[PDB]
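Student: Questions regarding the structure given below will be posed in turn.
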Amino acid sequence: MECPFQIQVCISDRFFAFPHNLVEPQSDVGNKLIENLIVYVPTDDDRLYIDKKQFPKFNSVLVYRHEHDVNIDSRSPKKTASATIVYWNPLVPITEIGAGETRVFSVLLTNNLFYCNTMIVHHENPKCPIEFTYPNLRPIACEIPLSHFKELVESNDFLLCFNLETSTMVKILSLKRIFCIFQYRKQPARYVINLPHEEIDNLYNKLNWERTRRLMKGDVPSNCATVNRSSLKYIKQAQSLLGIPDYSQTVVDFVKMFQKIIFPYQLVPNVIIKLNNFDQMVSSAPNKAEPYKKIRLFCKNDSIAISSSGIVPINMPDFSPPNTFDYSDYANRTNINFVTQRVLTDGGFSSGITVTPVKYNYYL
Amino acid sequence: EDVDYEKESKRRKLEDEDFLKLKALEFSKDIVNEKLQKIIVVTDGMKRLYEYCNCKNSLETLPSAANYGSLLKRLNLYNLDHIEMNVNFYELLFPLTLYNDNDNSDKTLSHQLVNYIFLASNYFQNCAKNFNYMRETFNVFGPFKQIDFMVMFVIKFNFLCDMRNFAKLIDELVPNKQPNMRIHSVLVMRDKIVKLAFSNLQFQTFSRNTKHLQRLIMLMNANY
């Protein structure tokens, strides 16, 4: 799909609250100013926090919940220049537009909004928030934000909850609402979530798609995120094997600790390889079994780079087929077997032994 | 010259800090809600009818009401079809929800408000439950072209006097910029059963110097 001509989107996380100010009276060509204004919202709940008096510019202001009808469905929606119209963080495609070019102000890029006139006015928010789940708690009414305004400012550990009936889109909405404000907060508050989370992990994948959609025009922010099962179980286990002074210690701790040694040893930690190995997709990708996504890794001023598989010269496809080949006089089955038998005898070992020659790439 | 935006990017970075402070200012509690201001002003606001109102106990019908009905016979001059037969329960009650009960209170008031709400609910329930009887008992005093509107006005006015009392009693609870979510929801569902009571109240109507009583009619209609 696409946005029909004469519509534009402003994304800003600040728009999580209604930006009353920005809107201006639309007019038709011929200066036919349109003080009639209608706004569509996901819920009357939204309307509860919207003041008419903000808009003395207009004499006629009304607001209703969006409903996705059937009969008007079109790539080209119905037009009605007789009133200005705005949709506020709409979830689903819109069937009618107001005076002049219509504009929408939303926090989230839906698939519907892909090919669209767009502006984001993004800015980097540094402070990544965090999850923590021990199993005192801040209980939250896990939808209405301002219910807990100042509460979220003051405390840093919050419970997250839902009734069954919630539409997946509504869940996604409210969650997305959270994280913006959290990155605005000065401290990494800890999420706690009362859900089996598997499909929630799936919608996290969807967040990945959405955020890439942003990145098509975005800030390339250093946005923290993670896989939530295949990572976490293994990381927990790894710490377990390690001394566990802080079971609560952030992963990035370990990350950068390992980082300290990269250049001096010029090689990739197994840890980071298991990362980008045990994601569904951004990894060796068990989805498709694509270790072919080897990491080529470079650092400032280097004449060379570190692959998943040793040193490489810059910007070349991991290994030239022409090579100082592992000529089969070496790595001959026969010699391999002979040496292996020597080994087995010497060990006095019945079983469980295998051997393989080393191999080499661009460099030896 | 420095055509690149990074200057203004840093400017926005500076601005960003204000954001949360500004928002909290925009979310703080307010002074007094214009709705209760209007209610309190209108009360005693014209020609002493509000002081004529002395009926009480909030749980009664025709408490010697024929005395006022005698002057309502004169009021029958007016087009009382301007009176709505529906009761804008939720709408009128809405301003009453702008109260964070955790503050400006010992958090006790909630219970009293719920009690008063249920009282009003039962009030209207009995009114609908016996309206026809009420029609007959007030037609005792003489038929009129708009006795339906007159009875509706009597009910509304009777309540509203006690409503005034209740407000002057729970005075100066400081409104929020926003209604309480939970209390509002309870109100909403109460109003659901109330409108359902309206529907159950199937009937047919019997069918300027208004500027004073016009105020009361507007208030009952939640005109603003």
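Lettering and numbering for the structure tokens are positional, with chains as A, B, ... in the shown order, residues counted from 1 in each chain, and ligands counted from 1 in the shown order.
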I'd like a table as a Markdown table: residues in chain B with an atom no more than 9 Å from chain A, each row giving the shortest atom pair and its distance in Å to one decimal, only C-alpha atoms counted, sorted by chain and rising residue number.
Tutor:
| residue | atom | partner | partner_atom | distance |
| --- | --- | --- | --- | --- |
| B:9 | CA | A:123 | CA | 7.8 |
| B:12 | CA | A:123 | CA | 7.7 |
| B:13 | CA | A:123 | CA | 7.4 |
| B:16 | CA | A:184 | CA | 8.5 |
| B:17 | CA | A:184 | CA | 8.2 |
| B:19 | CA | A:184 | CA | 8.4 |
| B:20 | CA | A:184 | CA | 7.5 |
| B:23 | CA | A:17 | CA | 8.9 |
| B:24 | CA | A:150 | CA | 7.4 |
| B:27 | CA | A:146 | CA | 8.0 |
| B:177 | CA | A:49 | CA | 8.3 |
| B:178 | CA | A:49 | CA | 6.6 |
| B:179 | CA | A:48 | CA | 7.7 |
| B:180 | CA | A:147 | CA | 8.0 |
| B:181 | CA | A:147 | CA | 7.4 |
Student: Take the residues from that selection and put them in a file with N, CA, C and O atoms, as a compact mmCIF listing (two decimals), in the first residue's frame.
Tutor:
# COMPACT_ATOMS: atom_id res chain seq x y z
N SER B 9 21.09 20.86 16.29
CA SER B 9 20.95 19.56 16.94
C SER B 9 21.31 19.66 18.42
O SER B 9 20.58 19.16 19.28
N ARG B 12 18.56 21.39 20.26
CA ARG B 12 17.49 20.47 20.64
C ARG B 12 17.90 19.59 21.81
O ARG B 12 17.08 19.28 22.68
N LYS B 13 19.15 19.11 21.81
CA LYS B 13 19.63 18.33 22.94
C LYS B 13 19.43 19.09 24.24
O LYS B 13 18.94 18.54 25.23
N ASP B 16 15.73 19.19 25.20
CA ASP B 16 15.09 17.93 25.56
C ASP B 16 14.92 17.80 27.07
O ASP B 16 13.92 17.26 27.55
N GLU B 17 15.89 18.29 27.84
CA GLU B 17 15.83 18.14 29.29
C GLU B 17 14.56 18.75 29.86
O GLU B 17 13.93 18.17 30.74
N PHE B 19 11.70 18.82 28.75
CA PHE B 19 10.50 18.10 28.36
C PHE B 19 9.71 17.55 29.54
O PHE B 19 8.52 17.86 29.71
N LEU B 20 10.35 16.73 30.38
CA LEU B 20 9.64 16.08 31.47
C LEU B 20 9.11 17.09 32.47
O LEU B 20 7.98 16.95 32.97
N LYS B 23 6.09 18.76 31.04
CA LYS B 23 4.95 17.85 31.04
C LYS B 23 4.34 17.73 32.43
O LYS B 23 3.11 17.72 32.57
N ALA B 24 5.17 17.62 33.46
CA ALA B 24 4.63 17.54 34.81
C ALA B 24 3.86 18.80 35.17
O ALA B 24 2.77 18.74 35.77
N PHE B 27 0.60 18.54 33.76
CA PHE B 27 -0.24 17.50 34.35
C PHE B 27 -0.62 17.77 35.80
O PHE B 27 -1.34 16.96 36.39
N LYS B 177 -6.43 18.09 36.64
CA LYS B 177 -6.64 18.33 35.22
C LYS B 177 -7.38 17.18 34.56
O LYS B 177 -7.90 17.35 33.46
N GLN B 178 -7.43 16.01 35.20
CA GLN B 178 -7.97 14.81 34.58
C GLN B 178 -8.92 14.11 35.53
O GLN B 178 -8.75 14.19 36.76
N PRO B 179 -9.92 13.40 35.01
CA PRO B 179 -10.75 12.56 35.86
C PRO B 179 -9.97 11.37 36.40
O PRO B 179 -9.03 10.88 35.77
N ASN B 180 -10.37 10.90 37.57
CA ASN B 180 -9.89 9.60 38.04
C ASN B 180 -10.34 8.51 37.08
O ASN B 180 -11.52 8.40 36.76
N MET B 181 -9.39 7.68 36.65
CA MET B 181 -9.69 6.62 35.69
C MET B 181 -10.70 5.63 36.26
O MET B 181 -11.76 5.40 35.66
Student: Fewer than 3 positions away in the same chain doesn't count, so skip those; otherwise give me all residues within 9 Å of region 108-125 of chain B, counting only C-alpha atoms, as a ChimeraX atom specification.
Tutor: /B:58-60,93,96,101-102,105,128-130,155,159,166,170,183,186-187,190-191,193-194,197
